[PDB]
């Protein structure tokens, strides 16, 4: 039970982080029960227990129990697509990263409240903002991708895709204070890199298109989606395509078609 002993240590760290979180990340309310797909259902309970438990139930031992449920689930799925040893390794990698992911998700909530005049408090963002639900699962799927996994991490993100219409490839690399508002139609590709304080609206693509060539069979992988710096806002409907760099402090306008580098500190519109 070496993985079980590692689960206990991580559940302990996450519980101490919960005890020390600011009041804005806490509540005494017992919120309505919901049932969403497994990965999100579990990660919700683990990161933000006040909002998805059951105040009477909120303890280190219950965090550990839900974490064990999640671990068994992901281990079984990664084993199914790969093998038992690779699945063990990858899940130990998820467990190791959960405290850092918790810290990042707090920054993501901060950016969501900060970027949205319609948000009354963090509790609503935690409970139901779809950009935030997507990001929760994304940050865990990305650890899988970083372990070299290529199948289950995509299936996990396809659950996010069905639930929110937000399409983030598990290989995308995204920094903190990240916010997708509204979110339907957002597509972020396998090799996308996104810096800190990125704000993205509905129908935004940070992606690529591939015009048919014969047909042959397109080259697999390679860096082919945009790299986006810090403090970038991408307006509703903007399509940013190809292996291009958008600099820091860039504002992109609605419906823009961007296929070349955009230098820092400027506003693009037509």
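Residue numbers count along the first chain shown, from 1.
Between 180-188 and 88-96, the higher mean Cα B-factor belongs to 88-96. Higher mean CA B-factor, judged across 57-65 and 35-43 from the recorded values: 57-65. Annotation for residue 80: CA B-factor lies in the middle third of the chain's modelled residues. The PDB entry assigns residue 147 a C-alpha temperature factor belonging to the highest third of its chain's modelled residues.
Among the modelled residues of its chain, residue 227 has a C-alpha B-factor that falls in the middle third, as given in the PDB entry.
Sort the chain's modelled residues by C-alpha temperature factor and residue 233 lands in the middle third, per the entry.
Per-chain ranking of the deposited C-alpha B factor places residue 244 in the highest third.
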